[PDB]
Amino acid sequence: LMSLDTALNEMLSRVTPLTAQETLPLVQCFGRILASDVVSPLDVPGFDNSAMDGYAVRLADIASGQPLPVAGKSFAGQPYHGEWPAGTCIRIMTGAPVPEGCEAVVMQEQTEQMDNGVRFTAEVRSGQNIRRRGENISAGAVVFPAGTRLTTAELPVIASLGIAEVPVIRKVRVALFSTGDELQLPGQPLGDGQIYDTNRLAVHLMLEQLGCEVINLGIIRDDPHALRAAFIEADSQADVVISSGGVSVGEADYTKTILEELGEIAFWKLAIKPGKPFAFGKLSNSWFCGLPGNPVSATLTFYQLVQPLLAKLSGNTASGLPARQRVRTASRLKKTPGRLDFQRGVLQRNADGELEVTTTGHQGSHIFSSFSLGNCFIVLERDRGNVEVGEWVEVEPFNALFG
């Protein structure tokens, strides 16, 4: 019934990004979100420097046609500061400051040795092989705006400005638990009718990799007093509280009366598969996301709704649902109109070098193993039906959460 689109727009419209900040050296900032504009205090490069090894010259001396004796050498980190007489040149290495009065740098290839000094054999242009102060970044300019997620692409540039540390938004705090007397912890023996809990570890892992601060409360006892106490504890400690399974996503059980007693909760029926049910709303001090019990459904609902919620709350301004592309299927796909079906597939290059996708197998939410067998979603349109080999299909490669 409710489109994924519409549901996510709704959830994000309710939410306001965190503003609370902390200051961290750059090496600890991978994947963190800049709280304030990074404004450069320096010109970069901060001084006119050689783009290569060769010789620093004045055009008037080149103009002579005469060989120029080498007055001195200039190293990166150890510039020449001796006298530079008229009619001479300076040997210079990549990255060294050009000497006062230098108008060009000639690479070795365009010179010959004379029994005396250096002949320049090619035209020498004003400014050739010189990187000028301020050509990359002007002091005073904003280099990265607030809301920028810091990776290897950004943090080295920040260091080239001489900044050792930056303010970033604190991590989003997410409390996490499951419930049901059928759920058991790994390493313990299974009682009557029990299964091992998997969703909660699947959610924890993903939160960790998303950079959140995870407060896992474990498996809560299927008792109203214990469950209430768990919600209250979760709420007091976190920005977001997630049930990885066991709390109602619509069914009229005791968990639903506790949830509604503690918050203002919507129970939605989404036009997706796998899954459909999702619970979302506001507790006293936190947002609540309630996932369906099936492992495929809970994982997919997490990945497609909760994941982007957390990106917005983190302060990230990257306006991006992950990347999709159009590719032909090498498999016949069973699909029923009425829901957007996030089937799992294997995307691969064929012998012609063209990109195609294969089903991973049975798509039932009775097996989590399609995530490991796969490397992408095949995102089958709400209204589309079965798909034949050769048709074009929307594909969404899995992110680093799945490898």
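Heads up: residue numbers just count along the shown sequence, starting at 1.
When 163-171 is weighed against 117-125, 117-125 comes out higher, by mean CA B-factor as recorded in the entry. Between the stretches 291-299 and 318-326, it is 318-326 that shows the larger average CA temperature factor. Of all the options 62, 35, 44, 340, the entry's greatest CA B-factor is assigned to 62. Within the listed group 149, 256, 81, 132, the record reports its top CA B-factor for 81. In the PDB entry, residue 275 places in the highest third of its chain by CA B-factor. In the deposited entry, the Cα temperature factor of residue 222 places it in the highest third of its chain's modelled residues. Ranked against the other modelled residues of its chain, the C-alpha B-factor of residue 26 as given in the entry falls in the lowest third. Ranked within its chain, residue 138 lands in the middle third, by CA B factor from the PDB record. In the PDB entry, residue 228 places in the lowest third of its chain by CA B-factor.
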